[PDB]
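When reading the values below, keep in mind they use all heavy atoms of this one structure, side chains included, and skip hydrogens, waters and symmetry mates. To find a chain, count down the sequence lines: A is the first, B the second, and so on, and within it residues start at 1.
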Number of protein chains: 2
Amino acid sequence: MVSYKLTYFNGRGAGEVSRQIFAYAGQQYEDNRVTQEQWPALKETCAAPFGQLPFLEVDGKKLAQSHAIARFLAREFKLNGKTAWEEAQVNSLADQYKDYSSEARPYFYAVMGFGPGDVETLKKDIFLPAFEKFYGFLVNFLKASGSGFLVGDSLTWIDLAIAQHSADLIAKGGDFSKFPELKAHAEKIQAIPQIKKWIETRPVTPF
Amino acid sequence: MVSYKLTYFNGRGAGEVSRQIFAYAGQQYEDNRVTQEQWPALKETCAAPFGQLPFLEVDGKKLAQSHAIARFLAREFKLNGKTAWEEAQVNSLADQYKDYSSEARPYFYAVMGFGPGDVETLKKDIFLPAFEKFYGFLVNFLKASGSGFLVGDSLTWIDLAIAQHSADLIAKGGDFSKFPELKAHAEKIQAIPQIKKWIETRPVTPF
Ligand SMILES: N[C@@H](CCC(=O)N[C@@H](CS)C(=O)NCC(=O)O)C(=O)O
Ligand SMILES: N[C@@H](CCC(=O)N[C@@H](CS)C(=O)NCC(=O)O)C(=O)O
(Lines give C-alpha, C1' and ligand atoms only; values in the text may rest on other atoms or scores of the structure.)
(Ligands and ions follow the chains in the order given, each with its own letter.)
Protein backbone atom coordinates (compact mmCIF):
# COMPACT_ATOMS: atom_id res chain seq x y z
CA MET A 1 0.00 0.00 0.00
CA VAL A 2 2.12 3.05 1.20
CA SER A 3 5.75 2.07 0.71
CA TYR A 4 8.41 2.97 3.31
CA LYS A 5 12.10 2.68 2.89
CA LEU A 6 14.55 3.73 5.63
CA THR A 7 18.14 4.42 4.59
CA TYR A 8 20.74 4.45 7.34
CA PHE A 9 24.14 2.97 8.19
CA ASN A 10 24.42 -0.66 9.21
CA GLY A 11 23.91 0.01 12.88
CA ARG A 12 21.21 1.00 15.37
CA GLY A 13 22.26 4.61 15.95
CA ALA A 14 19.89 7.39 14.82
CA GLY A 15 17.79 5.06 12.60
CA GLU A 16 16.87 2.71 15.32
CA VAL A 17 13.99 4.62 16.80
CA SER A 18 12.24 4.70 13.40
CA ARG A 19 12.74 0.94 13.05
CA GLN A 20 11.21 0.50 16.46
CA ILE A 21 8.29 2.67 15.57
CA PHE A 22 7.67 0.46 12.51
CA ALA A 23 7.91 -2.66 14.74
CA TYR A 24 5.38 -1.40 17.25
CA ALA A 25 3.00 -0.36 14.52
CA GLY A 26 3.40 -3.69 12.69
CA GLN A 27 4.29 -1.72 9.54
CA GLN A 28 6.29 -3.29 6.77
CA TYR A 29 9.24 -1.25 5.52
CA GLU A 30 12.50 -1.75 3.67
CA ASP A 31 15.42 -1.55 6.09
CA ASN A 32 18.10 -0.21 3.72
CA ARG A 33 21.48 -0.40 5.46
CA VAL A 34 24.56 1.13 3.92
CA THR A 35 28.14 0.18 4.74
CA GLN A 36 31.02 2.53 5.47
CA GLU A 37 32.49 1.57 2.10
CA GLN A 38 29.30 2.11 0.09
CA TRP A 39 28.52 5.55 1.62
CA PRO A 40 30.78 7.72 -0.65
CA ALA A 41 28.92 6.67 -3.89
CA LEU A 42 25.48 7.11 -2.34
CA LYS A 43 26.54 10.50 -1.02
CA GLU A 44 27.75 11.55 -4.54
CA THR A 45 24.37 10.30 -5.75
CA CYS A 46 22.72 13.41 -4.08
CA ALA A 47 20.02 11.15 -2.75
CA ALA A 48 20.22 12.51 0.85
CA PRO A 49 18.48 15.92 1.21
CA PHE A 50 21.25 17.33 3.41
CA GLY A 51 24.01 14.89 2.34
CA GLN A 52 23.52 12.74 5.52
CA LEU A 53 21.69 9.67 6.96
CA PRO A 54 19.16 8.69 7.94
CA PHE A 55 16.58 9.53 5.34
CA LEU A 56 13.16 7.99 4.79
CA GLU A 57 11.34 7.48 1.45
CA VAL A 58 7.56 7.43 1.55
CA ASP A 59 6.27 6.41 -1.91
CA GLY A 60 9.65 7.64 -3.17
CA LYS A 61 9.46 11.10 -1.55
CA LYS A 62 12.53 11.81 0.66
CA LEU A 63 12.51 13.06 4.28
CA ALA A 64 15.75 13.73 6.19
CA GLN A 65 16.58 14.37 9.85
CA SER A 66 16.29 11.60 12.43
CA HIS A 67 13.83 13.32 14.69
CA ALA A 68 11.70 14.72 11.80
CA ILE A 69 11.45 11.12 10.50
CA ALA A 70 10.60 9.68 13.92
CA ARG A 71 7.96 12.33 14.58
CA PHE A 72 6.44 11.90 11.11
CA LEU A 73 6.16 8.12 11.55
CA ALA A 74 5.06 8.35 15.17
CA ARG A 75 2.22 10.71 14.23
CA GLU A 76 1.08 8.31 11.50
CA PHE A 77 1.03 5.41 14.00
CA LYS A 78 -0.24 7.27 17.02
CA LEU A 79 3.08 7.14 18.92
CA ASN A 80 3.79 10.91 19.20
CA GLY A 81 1.48 11.62 22.12
CA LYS A 82 -2.27 11.40 22.78
CA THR A 83 -3.02 15.13 22.87
CA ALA A 84 -1.45 18.25 21.23
CA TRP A 85 0.09 18.97 24.62
CA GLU A 86 1.60 15.51 24.95
CA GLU A 87 3.00 15.78 21.38
CA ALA A 88 4.71 18.97 22.38
CA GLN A 89 6.18 17.49 25.61
CA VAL A 90 7.46 14.56 23.64
CA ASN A 91 9.14 17.09 21.33
CA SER A 92 10.54 19.03 24.32
CA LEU A 93 12.17 15.98 25.80
CA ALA A 94 13.50 14.77 22.45
CA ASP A 95 15.11 18.14 21.85
CA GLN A 96 16.62 18.09 25.32
CA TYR A 97 17.93 14.55 24.41
CA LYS A 98 19.65 16.20 21.41
CA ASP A 99 21.32 18.73 23.71
CA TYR A 100 22.52 15.82 25.95
CA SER A 101 23.95 14.06 22.89
CA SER A 102 25.82 17.24 21.83
CA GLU A 103 27.24 17.67 25.35
CA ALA A 104 28.36 14.06 25.55
CA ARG A 105 29.66 13.67 21.98
CA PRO A 106 33.42 14.17 22.79
CA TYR A 107 33.19 11.14 25.13
CA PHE A 108 31.16 8.92 22.85
CA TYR A 109 33.60 9.82 20.00
CA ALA A 110 36.69 8.79 21.98
CA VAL A 111 34.97 5.61 23.27
CA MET A 112 33.84 4.54 19.77
CA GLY A 113 37.13 5.53 18.08
CA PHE A 114 36.14 8.54 15.91
CA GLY A 115 37.80 11.31 17.97
CA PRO A 116 40.63 12.30 20.33
CA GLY A 117 41.04 12.33 24.07
CA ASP A 118 41.63 10.21 27.09
CA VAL A 119 38.50 8.17 27.81
CA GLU A 120 38.72 8.10 31.65
CA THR A 121 39.16 11.84 31.79
CA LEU A 122 36.32 12.60 29.34
CA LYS A 123 34.11 10.16 31.25
CA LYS A 124 34.39 12.18 34.44
CA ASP A 125 34.74 15.66 33.01
CA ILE A 126 32.24 15.49 30.11
CA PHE A 127 30.04 12.37 30.09
CA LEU A 128 29.04 12.10 33.72
CA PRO A 129 27.94 15.73 34.21
CA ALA A 130 25.92 15.45 30.98
CA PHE A 131 24.39 12.10 31.85
CA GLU A 132 23.52 13.19 35.42
CA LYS A 133 21.86 16.41 34.29
CA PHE A 134 19.84 14.80 31.52
CA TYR A 135 18.84 11.70 33.48
CA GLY A 136 17.68 13.91 36.36
CA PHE A 137 15.26 15.47 33.88
CA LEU A 138 14.11 12.04 32.66
CA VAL A 139 13.25 11.15 36.26
CA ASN A 140 11.26 14.40 36.54
CA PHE A 141 9.16 13.36 33.51
CA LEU A 142 8.62 9.83 34.86
CA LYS A 143 7.41 11.23 38.14
CA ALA A 144 5.14 13.74 36.44
CA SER A 145 3.50 11.18 34.19
CA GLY A 146 3.13 8.59 37.03
CA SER A 147 2.66 5.77 34.56
CA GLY A 148 6.11 4.31 33.94
CA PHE A 149 6.18 6.11 30.50
CA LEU A 150 7.96 9.42 29.96
CA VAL A 151 4.97 11.30 28.65
CA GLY A 152 1.38 10.54 29.55
CA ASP A 153 -0.07 7.06 30.21
CA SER A 154 1.09 5.23 27.12
CA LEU A 155 4.11 4.52 24.95
CA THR A 156 5.58 7.28 22.75
CA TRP A 157 8.66 7.19 20.58
CA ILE A 158 10.79 9.05 23.13
CA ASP A 159 10.37 5.98 25.42
CA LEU A 160 11.83 3.86 22.63
CA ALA A 161 14.76 6.15 21.99
CA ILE A 162 15.57 6.61 25.68
CA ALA A 163 15.15 2.89 26.51
CA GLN A 164 17.59 2.03 23.72
CA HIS A 165 20.22 4.47 24.96
CA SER A 166 19.84 3.25 28.52
CA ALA A 167 20.08 -0.40 27.45
CA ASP A 168 23.28 0.42 25.57
CA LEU A 169 24.83 2.17 28.59
CA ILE A 170 23.79 -0.65 30.92
CA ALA A 171 25.20 -3.33 28.64
CA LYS A 172 28.54 -1.58 28.73
CA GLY A 173 28.53 -1.57 32.52
CA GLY A 174 26.98 1.82 33.14
CA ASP A 175 26.10 2.59 36.72
CA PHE A 176 22.45 3.55 37.22
CA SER A 177 22.59 3.92 41.03
CA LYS A 178 21.51 7.53 40.65
CA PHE A 179 18.67 6.67 38.29
CA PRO A 180 17.17 3.29 39.10
CA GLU A 181 13.94 4.55 37.54
CA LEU A 182 15.56 4.55 34.12
CA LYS A 183 16.81 1.05 34.49
CA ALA A 184 13.23 0.05 35.26
CA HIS A 185 12.05 2.20 32.25
CA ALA A 186 14.48 0.50 29.91
CA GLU A 187 13.35 -3.02 31.03
CA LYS A 188 9.70 -2.04 30.73
CA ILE A 189 9.91 -0.61 27.23
CA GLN A 190 12.13 -3.36 25.86
CA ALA A 191 9.72 -6.07 27.15
CA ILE A 192 6.83 -4.66 25.09
CA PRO A 193 6.30 -7.71 22.80
CA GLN A 194 6.76 -6.01 19.45
CA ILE A 195 9.91 -4.34 20.69
CA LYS A 196 11.29 -7.47 22.43
CA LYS A 197 10.64 -9.35 19.17
CA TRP A 198 12.54 -6.72 17.13
CA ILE A 199 15.45 -6.75 19.55
CA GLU A 200 15.61 -10.56 19.22
CA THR A 201 15.58 -10.44 15.44
CA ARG A 202 17.39 -7.22 14.32
CA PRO A 203 20.90 -7.46 12.93
CA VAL A 204 23.50 -7.59 15.66
CA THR A 205 25.84 -4.61 15.34
CA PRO A 206 28.32 -2.79 17.63
CA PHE A 207 26.33 0.43 17.48
CA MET B 1 -9.91 31.38 27.24
CA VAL B 2 -6.32 29.82 27.04
CA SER B 3 -3.69 32.10 28.57
CA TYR B 4 -0.16 32.26 27.02
CA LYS B 5 3.01 33.52 28.69
CA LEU B 6 6.41 33.34 27.02
CA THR B 7 9.49 33.67 29.21
CA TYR B 8 12.75 34.50 27.52
CA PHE B 9 15.61 37.04 27.72
CA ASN B 10 15.29 40.61 26.49
CA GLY B 11 16.33 39.82 22.94
CA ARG B 12 15.15 38.12 19.77
CA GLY B 13 17.21 34.95 19.99
CA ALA B 14 15.37 31.65 20.32
CA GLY B 15 12.13 33.21 21.63
CA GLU B 16 11.54 35.44 18.67
CA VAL B 17 9.91 32.93 16.38
CA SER B 18 7.19 32.19 18.95
CA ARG B 19 6.58 35.91 19.36
CA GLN B 20 6.17 36.16 15.56
CA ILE B 21 3.77 33.22 15.45
CA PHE B 22 1.67 34.99 18.02
CA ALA B 23 1.94 38.26 16.07
CA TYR B 24 0.90 36.52 12.82
CA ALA B 25 -2.09 34.95 14.49
CA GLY B 26 -3.12 38.06 16.35
CA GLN B 27 -2.94 36.12 19.62
CA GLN B 28 -2.53 37.94 22.89
CA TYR B 29 0.24 36.65 25.15
CA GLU B 30 2.43 37.87 27.95
CA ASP B 31 5.92 38.64 26.58
CA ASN B 32 7.92 38.04 29.75
CA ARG B 33 11.43 39.22 29.28
CA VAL B 34 13.93 38.34 31.92
CA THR B 35 16.64 40.52 33.22
CA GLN B 36 20.07 39.34 34.26
CA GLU B 37 18.97 40.27 37.88
CA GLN B 38 15.89 37.98 37.84
CA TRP B 39 17.53 35.04 36.03
CA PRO B 40 19.80 33.25 38.65
CA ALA B 41 16.80 33.68 40.82
CA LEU B 42 14.28 32.11 38.43
CA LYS B 43 16.89 29.47 37.60
CA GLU B 44 17.37 28.55 41.32
CA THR B 45 13.58 28.24 41.35
CA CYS B 46 13.45 25.25 38.94
CA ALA B 47 10.96 27.40 37.09
CA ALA B 48 12.31 26.21 33.72
CA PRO B 49 11.76 22.49 32.92
CA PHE B 50 15.37 22.13 31.83
CA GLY B 51 16.83 25.10 33.64
CA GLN B 52 16.93 27.19 30.46
CA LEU B 53 14.88 29.71 28.39
CA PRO B 54 12.70 29.92 26.49
CA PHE B 55 9.72 28.27 28.07
CA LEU B 56 6.06 28.83 27.41
CA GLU B 57 3.25 28.63 29.95
CA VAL B 58 -0.19 27.54 28.68
CA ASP B 59 -2.71 28.09 31.47
CA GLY B 60 0.20 27.78 33.87
CA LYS B 61 1.58 24.47 32.39
CA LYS B 62 5.23 24.70 31.27
CA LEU B 63 6.71 23.78 27.89
CA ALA B 64 10.43 24.15 27.20
CA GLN B 65 12.64 23.95 24.09
CA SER B 66 12.47 26.65 21.41
CA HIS B 67 11.54 24.31 18.53
CA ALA B 68 9.00 22.39 20.65
CA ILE B 69 7.31 25.65 21.54
CA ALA B 70 7.31 27.03 17.97
CA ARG B 71 5.95 23.71 16.66
CA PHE B 72 3.22 23.54 19.31
CA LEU B 73 2.13 27.09 18.61
CA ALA B 74 2.45 26.75 14.82
CA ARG B 75 0.19 23.67 14.86
CA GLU B 76 -2.49 25.50 16.92
CA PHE B 77 -2.41 28.34 14.34
CA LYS B 78 -1.95 26.22 11.14
CA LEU B 79 1.61 27.51 10.50
CA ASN B 80 3.35 24.14 10.71
CA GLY B 81 2.48 22.82 7.24
CA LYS B 82 -0.85 22.21 5.45
CA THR B 83 -0.44 18.39 5.30
CA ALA B 84 1.36 15.82 7.44
CA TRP B 85 4.11 15.68 4.83
CA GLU B 86 4.63 19.50 4.84
CA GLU B 87 4.79 19.43 8.69
CA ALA B 88 7.56 16.80 8.46
CA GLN B 89 9.46 18.82 5.87
CA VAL B 90 9.18 21.96 8.01
CA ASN B 91 10.53 19.76 10.85
CA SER B 92 13.37 18.47 8.65
CA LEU B 93 14.55 22.00 7.66
CA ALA B 94 14.15 23.37 11.18
CA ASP B 95 16.36 20.53 12.45
CA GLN B 96 18.96 21.22 9.77
CA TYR B 97 18.77 24.84 10.98
CA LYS B 98 19.65 23.62 14.49
CA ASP B 99 22.68 21.79 13.03
CA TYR B 100 23.77 25.00 11.26
CA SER B 101 23.27 26.97 14.44
CA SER B 102 25.43 24.42 16.30
CA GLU B 103 28.18 24.66 13.76
CA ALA B 104 28.11 28.45 13.80
CA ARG B 105 27.82 28.77 17.55
CA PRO B 106 31.60 29.54 18.30
CA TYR B 107 31.32 32.62 16.02
CA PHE B 108 27.93 33.76 17.31
CA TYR B 109 29.13 33.42 20.90
CA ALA B 110 32.27 35.41 20.23
CA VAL B 111 30.34 38.28 18.64
CA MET B 112 27.87 38.28 21.54
CA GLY B 113 30.79 38.31 24.05
CA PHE B 114 30.03 34.88 25.51
CA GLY B 115 32.91 32.97 24.10
CA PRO B 116 36.56 33.05 23.38
CA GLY B 117 38.37 33.47 20.12
CA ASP B 118 39.10 35.96 17.42
CA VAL B 119 35.95 37.16 15.65
CA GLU B 120 37.61 37.68 12.28
CA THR B 121 39.15 34.25 12.33
CA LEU B 122 36.01 32.54 13.52
CA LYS B 123 33.99 34.38 10.89
CA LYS B 124 36.03 32.88 8.02
CA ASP B 125 37.08 29.53 9.44
CA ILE B 126 33.82 28.52 11.14
CA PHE B 127 30.85 30.70 10.32
CA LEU B 128 31.13 31.21 6.56
CA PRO B 129 31.51 27.55 5.67
CA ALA B 130 28.48 26.73 7.86
CA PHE B 131 26.41 29.55 6.43
CA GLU B 132 27.25 28.69 2.82
CA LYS B 133 26.39 25.02 3.30
CA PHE B 134 23.09 25.67 5.01
CA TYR B 135 21.96 28.56 2.79
CA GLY B 136 22.55 26.30 -0.25
CA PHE B 137 20.07 23.90 1.27
CA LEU B 138 17.61 26.81 1.84
CA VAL B 139 17.85 27.63 -1.90
CA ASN B 140 17.06 23.97 -2.76
CA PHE B 141 13.91 24.21 -0.60
CA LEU B 142 12.82 27.52 -2.21
CA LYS B 143 13.34 26.01 -5.71
CA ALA B 144 11.43 22.87 -4.77
CA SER B 145 8.48 24.76 -3.34
CA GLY B 146 8.22 27.15 -6.30
CA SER B 147 6.20 29.75 -4.29
CA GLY B 148 8.64 32.02 -2.51
CA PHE B 149 8.09 30.15 0.79
CA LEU B 150 10.40 27.44 2.05
CA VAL B 151 7.78 24.70 2.37
CA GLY B 152 4.75 24.51 0.10
CA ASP B 153 2.64 27.46 -1.07
CA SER B 154 2.11 29.46 2.11
CA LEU B 155 3.78 30.70 5.28
CA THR B 156 5.15 28.32 7.85
CA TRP B 157 7.07 29.12 11.05
CA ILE B 158 10.38 28.10 9.48
CA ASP B 159 9.87 31.01 7.04
CA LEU B 160 9.59 33.31 10.07
CA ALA B 161 12.71 31.91 11.72
CA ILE B 162 14.84 31.92 8.59
CA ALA B 163 13.71 35.38 7.45
CA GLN B 164 14.53 36.80 10.86
CA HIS B 165 18.04 35.18 10.81
CA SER B 166 18.64 36.50 7.28
CA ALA B 167 17.37 40.03 8.16
CA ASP B 168 19.70 40.09 11.18
CA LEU B 169 22.78 38.94 9.19
CA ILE B 170 22.03 41.49 6.44
CA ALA B 171 21.34 44.33 8.90
CA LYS B 172 24.60 43.67 10.71
CA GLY B 173 26.69 43.82 7.54
CA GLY B 174 26.50 40.32 6.11
CA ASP B 175 27.11 39.61 2.37
CA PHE B 176 24.29 37.83 0.62
CA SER B 177 25.92 37.90 -2.81
CA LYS B 178 25.80 34.11 -3.03
CA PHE B 179 22.17 33.93 -1.90
CA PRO B 180 19.99 36.64 -3.47
CA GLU B 181 17.08 34.23 -3.10
CA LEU B 182 17.26 34.39 0.74
CA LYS B 183 17.46 38.16 0.75
CA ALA B 184 14.29 38.18 -1.37
CA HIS B 185 12.72 35.62 1.03
CA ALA B 186 13.56 37.79 4.04
CA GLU B 187 12.08 40.87 2.41
CA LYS B 188 8.89 38.99 1.45
CA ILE B 189 8.26 37.39 4.90
CA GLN B 190 9.19 40.61 6.80
CA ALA B 191 6.72 42.67 4.71
CA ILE B 192 3.76 40.50 5.86
CA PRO B 193 1.68 43.14 7.71
CA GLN B 194 1.53 41.48 11.15
CA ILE B 195 5.24 40.80 10.95
CA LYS B 196 6.17 44.27 9.69
CA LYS B 197 4.15 45.79 12.53
CA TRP B 198 5.85 43.55 15.14
CA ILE B 199 9.32 44.41 13.77
CA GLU B 200 8.54 48.13 13.99
CA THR B 201 7.21 47.85 17.59
CA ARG B 202 9.23 45.14 19.45
CA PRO B 203 11.99 46.16 21.83
CA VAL B 204 15.17 47.01 19.88
CA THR B 205 17.91 44.67 21.06
CA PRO B 206 21.38 43.74 19.63
CA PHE B 207 20.46 40.04 19.46
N1 LIG C 1 20.74 16.24 12.67
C2 LIG C 1 21.07 15.03 11.99
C3 LIG C 1 22.47 14.56 12.02
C4 LIG C 1 22.70 13.66 10.79
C5 LIG C 1 24.11 13.08 10.79
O6 LIG C 1 25.03 13.66 11.59
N7 LIG C 1 24.41 12.05 10.02
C8 LIG C 1 25.72 11.40 10.01
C9 LIG C 1 25.55 10.04 10.65
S10 LIG C 1 27.14 9.20 10.69
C11 LIG C 1 26.24 11.22 8.62
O12 LIG C 1 25.39 10.79 7.65
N13 LIG C 1 27.52 11.41 8.35
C14 LIG C 1 28.11 11.08 7.08
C15 LIG C 1 28.43 12.28 6.23
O16 LIG C 1 28.13 13.57 6.68
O17 LIG C 1 28.95 12.13 5.03
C18 LIG C 1 20.06 13.98 12.19
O19 LIG C 1 19.54 13.84 13.40
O20 LIG C 1 19.55 13.05 11.29
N1 LIG D 1 17.86 23.51 23.01
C2 LIG D 1 17.59 24.80 23.55
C3 LIG D 1 18.62 25.62 24.25
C4 LIG D 1 18.11 26.57 25.34
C5 LIG D 1 19.24 27.48 25.79
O6 LIG D 1 20.50 27.15 25.40
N7 LIG D 1 19.00 28.54 26.58
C8 LIG D 1 20.01 29.50 26.89
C9 LIG D 1 19.60 30.72 26.08
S10 LIG D 1 20.74 32.08 26.41
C11 LIG D 1 19.96 29.72 28.37
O12 LIG D 1 18.71 29.75 28.91
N13 LIG D 1 21.03 29.95 29.09
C14 LIG D 1 21.03 30.37 30.49
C15 LIG D 1 21.37 29.21 31.40
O16 LIG D 1 21.62 27.96 30.82
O17 LIG D 1 21.40 29.31 32.71
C18 LIG D 1 16.40 25.44 22.97
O19 LIG D 1 16.32 25.47 21.68
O20 LIG D 1 15.47 26.08 23.69
Side-chain angles (χ1 to χ4, degrees), chain A residues 6 8 11-27 29 31 54 66-67 69-71 73-74 77-82 86-87 89-101 103-104 107-108 111-112 123 127-207, chain B residues 49-50:
Chain A
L6 183 67
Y8 187 57
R12 294 187 301 284
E16 183 67 9
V17 63
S18 284
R19 301 190 188 109
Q20 296 196 10
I21 287 164
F22 283 131
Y24 193 72
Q27 172 72 227
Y29 73 101
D31 202 12
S66 61
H67 280 13
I69 294 160
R71 173 166 301 94
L73 297 169
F77 302 133
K78 292 347 251 76
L79 283 169
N80 192 228
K82 291 159 79 234
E86 299 188 359
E87 295 191 63
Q89 292 297 347
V90 169
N91 191 168
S92 191
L93 220 211
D95 283 6
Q96 186 63 33
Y97 184 38
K98 283 200 156 153
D99 291 344
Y100 159 74
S101 291
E103 282 179 15
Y107 176 69
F108 292 142
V111 161
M112 279 162 115
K123 185 174 164 177
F127 172 75
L128 289 168
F131 173 79
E132 289 183 353
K133 168 168 121 229
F134 179 53
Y135 274 63
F137 301 146
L138 292 176
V139 168
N140 293 345
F141 271 65
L142 292 172
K143 298 186 171 162
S145 290
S147 69
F149 298 102
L150 286 159
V151 174
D153 74 4
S154 297
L155 181 72
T156 61
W157 69 267
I158 197 56
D159 290 307
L160 307 167
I162 294 298
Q164 192 53 250
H165 189 204
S166 296
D168 294 340
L169 294 170
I170 290 163
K172 293 284 202 285
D175 194 321
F176 271 60
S177 292
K178 287 193 191 193
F179 311 110
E181 302 95 339
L182 275 302
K183 185 166 152 85
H185 180 346
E187 289 159 346
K188 170 178 181 65
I189 302 305
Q190 303 222 141
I192 296 171
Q194 291 102 310
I195 305 309
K196 173 187 176 327
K197 164 67 166 329
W198 167 245
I199 282 152
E200 279 157 11
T201 48
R202 45 143 88 138
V204 174
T205 56
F207 308 114
Chain B
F50 309 126

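- In terms of heavy-atom proximity, A:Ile189 sits nearest to A:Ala163 at CB-CB, 3.6 Å.
- Here CZ of A:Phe179 is found 11.5 Å from CG of A:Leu142. Values are rounded to the nearest 0.5 Å.
- The shortest non-hydrogen separation linking A:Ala167 to A:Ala186 is N-CB, 4.4 Å.
- Within the structure, every pair that satisfies the salt bridge (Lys or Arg N to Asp or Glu O under 4.0 Å) test and touches residues 148-157 of chain A, not counting sequence neighbours, is listed here: A:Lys82-A:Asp153.
- When all heavy atoms of A:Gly152 and A:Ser147 are compared, the pair lying nearest together is O-OG, 2.7 Å.
- Remark: A:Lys183 engages A:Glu187 in a salt bridge (charged side-chain N to carboxylate O under 4.0 Å, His left out) (not counting sequence neighbours).
- For the atom pair CD1 (A:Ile158) and CD (A:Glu86), the distance works out to 14.0 Å, reported to the nearest 0.5 Å.
- A:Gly15 approaches A:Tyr8 most closely through the heavy-atom pair N-CE2, 3.5 Å.
- Surrounding OH of A:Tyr24 are at most 12 heavy atoms belonging to other residues, nucleotides or ligands under 6.0 Å away.
- In terms of the side chain to side chain contact (heavy atoms under 4.5 Å, CB included) criterion, residue partners of A:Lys143 (sequence neighbours excluded) are, by chain and number, A:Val139, A:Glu181.
- Residue pairs meeting the salt bridge (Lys or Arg N to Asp or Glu O under 4.0 Å) criterion with at least one member in residues 159-170 of chain A, sequence neighbours excluded, are A:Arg12-A:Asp168.
- In this structure, A:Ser101 OG and A:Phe108 CZ are separated by 7.0 Å, a value rounded to the nearest 0.5 Å.
- Annotation: salt bridge (charged side-chain N to carboxylate O under 4.0 Å, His left out) contacts of A:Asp31 (sequence neighbours excluded): A:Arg19, A:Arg33.
- Here A:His67 pairs with A:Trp157 under the ring pair (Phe, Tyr, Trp, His ring centres under 6.0 Å) rule; sequence neighbours left out.
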Which side-chain N or O atoms in residues 129-137 of chain A pair as donor and acceptor under 3.5 Å with protein atoms at least two apart or in another chain?
{"unit_1": "A:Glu132", "atom_1": "OE1", "unit_2": "A:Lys178", "atom_2": "NZ", "d": "3.1"}
{"unit_1": "A:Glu132", "atom_1": "OE2", "unit_2": "A:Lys178", "atom_2": "NZ", "d": "3.1"}
{"unit_1": "A:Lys133", "atom_1": "NZ", "unit_2": "A:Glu103", "atom_2": "OE1", "d": "3.1"}
{"unit_1": "A:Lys133", "atom_1": "NZ", "unit_2": "A:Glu103", "atom_2": "OE2", "d": "2.6"}
{"unit_1": "A:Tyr135", "atom_1": "OH", "unit_2": "A:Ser166", "atom_2": "OG", "d": "2.6"}

Show, in sequence, the C-alpha distance, side-chain angles and deciding distance for A:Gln190 and A:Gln164, and conclude whether the side chain to side chain donor-acceptor pair (under 3.5 Å) test is met. CA-CA 8 Å; A:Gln190 303 222 141; A:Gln164 192 53 250; 3.0 Å; yes
When you look at A:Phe141 and A:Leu93, which way does the side chain to side chain contact (heavy atoms under 4.5 Å, CB included) test go after all the steps? CA-CA 9 Å; A:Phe141 271 65; A:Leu93 220 211; 3.9 Å; yes
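- Residues A:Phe149 and A:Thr156 fail the side-chain proximity criterion, which asks for heavy atoms closer than 4.5 Å.
- Note that CD1 of A:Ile195 and CD1 of A:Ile21 are 9.0 Å apart. Values are rounded to the nearest 0.5 Å.
- In terms of the side chain to side chain contact (heavy atoms under 4.5 Å, CB included) criterion, residue partners of A:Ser18 (sequence neighbours excluded) are, by chain and number, A:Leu6, A:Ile69, A:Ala70, A:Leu73.
- Atom CD1 of residue A:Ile162 and atom CG of residue A:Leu150 lie 6.5 Å apart, to the nearest 0.5 angstrom.
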Give every donor-acceptor pair under 3.5 Å between a side-chain atom in residues 200-207 of chain A and any protein atom, sequence neighbours left out.
{"unit_1": "A:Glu200", "atom_1": "OE2", "unit_2": "A:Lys196", "atom_2": "NZ", "d": "2.3"}
{"unit_1": "A:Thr201", "atom_1": "OG1", "unit_2": "A:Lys197", "atom_2": "O", "d": "2.6"}
{"unit_1": "A:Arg202", "atom_1": "NH2", "unit_2": "A:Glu16", "atom_2": "OE2", "d": "3.0"}

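- A:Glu87 is linked by a salt bridge (charged side-chain N to carboxylate O under 4.0 Å, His left out) to A:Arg75, B:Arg75, counting only residues two or more places apart in sequence or in another chain.
- Between A:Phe77 and A:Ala25, the shortest heavy-atom contact is CG-CB, 3.6 Å.
- Every residue two or more places apart in sequence or in another chain that forms a ring pair (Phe, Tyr, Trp, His ring centres under 6.0 Å) with A:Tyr107 is listed here: A:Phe127.
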Could you please spell out the steps behind the side chain to side chain contact (heavy atoms under 4.5 Å, CB included) verdict for A:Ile192 and A:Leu160? CA-CA 10 Å; A:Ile192 296 171; A:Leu160 307 167; 5.8 Å; no
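- Scanning all heavy atoms of the two residues, the minimum distance from A:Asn80 to A:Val90 falls at O-CG2, 3.5 Å.
- Remark: A:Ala144 engages no residue in a side chain to side chain contact (heavy atoms under 4.5 Å, CB included) (not counting sequence neighbours).
- Rounded to the nearest 0.5 angstrom, A:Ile170 CD1 and A:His165 NE2 are separated by 10.0 Å.
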